[PDB]
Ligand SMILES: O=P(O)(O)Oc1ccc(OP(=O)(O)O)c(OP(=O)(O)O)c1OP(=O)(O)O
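One chain follows as structure tokens, the form deposited without the named molecule.
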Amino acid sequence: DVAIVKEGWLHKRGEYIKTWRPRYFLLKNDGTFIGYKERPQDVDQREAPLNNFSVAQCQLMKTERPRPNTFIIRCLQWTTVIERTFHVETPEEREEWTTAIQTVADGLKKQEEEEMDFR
């Protein structure tokens, strides 16, 4: 029952080269957040994504420097800290994305609690 919640272009900052590159991202309701260099094609041939990570259990932060309307997805995975940084042109667009991501994460957190509580 996995479905795309929101998709669109985002300016993503590199993990190694801290430069910014346009990436087409798709957020699914199972937590999947996948980004491509180009908008995906309809075939088993379609190139692999450049970014692929679950937003489950992650935290959303907003910042204005160095670029305004920046949002960061931070996940504490074991001993490794994952941080993915994105920028959009307007604060409205950022709210659009952060709300969508937070809703998906919250849904997954709800499922987690229902599995782990009072077992």
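In this text, residue numbers run from 1 along the sequence as written. Only the largest set of C-alpha atoms that superpose within 1.5 Å between the two forms is called the rigid core.
From this point on, the text means the form deposited with the named molecule bound, which you will not see here.
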Accessibility of shown form to the named molecule in the bound PDB entry, site-C-alpha superposition, 2.4 Å backbone/C-beta rule: blocked
Contact label in the bound PDB entry: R21 to the named molecule, heavy atom within 4.5 Å: yes
4.5 Å heavy atom contact, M61 and the named molecule in the bound PDB entry: no
Contact of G14 with the named molecule in the bound PDB entry (heavy atom, 4.5 Å): yes
is_contact(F71, the named molecule) in the bound PDB entry, heavy atom dist at most 4.5 Å: no
Flag for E64, CA shift 2 Å or larger between the shown form and the other one after aligning core: no
Cα displacement of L76 between the shown form and the other one reaching 2 Å, rigid core superposed: yes
Rigid core fit then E15 CA moved by 2 Å or more between the shown form and the other one: yes
Comparison of CA distance in the bound PDB entry with shown form for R46, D30, at least 3 Å: closer
Direction of Cα pair change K37-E47 in the bound PDB entry, magnitude 3 angstroms or more: farther
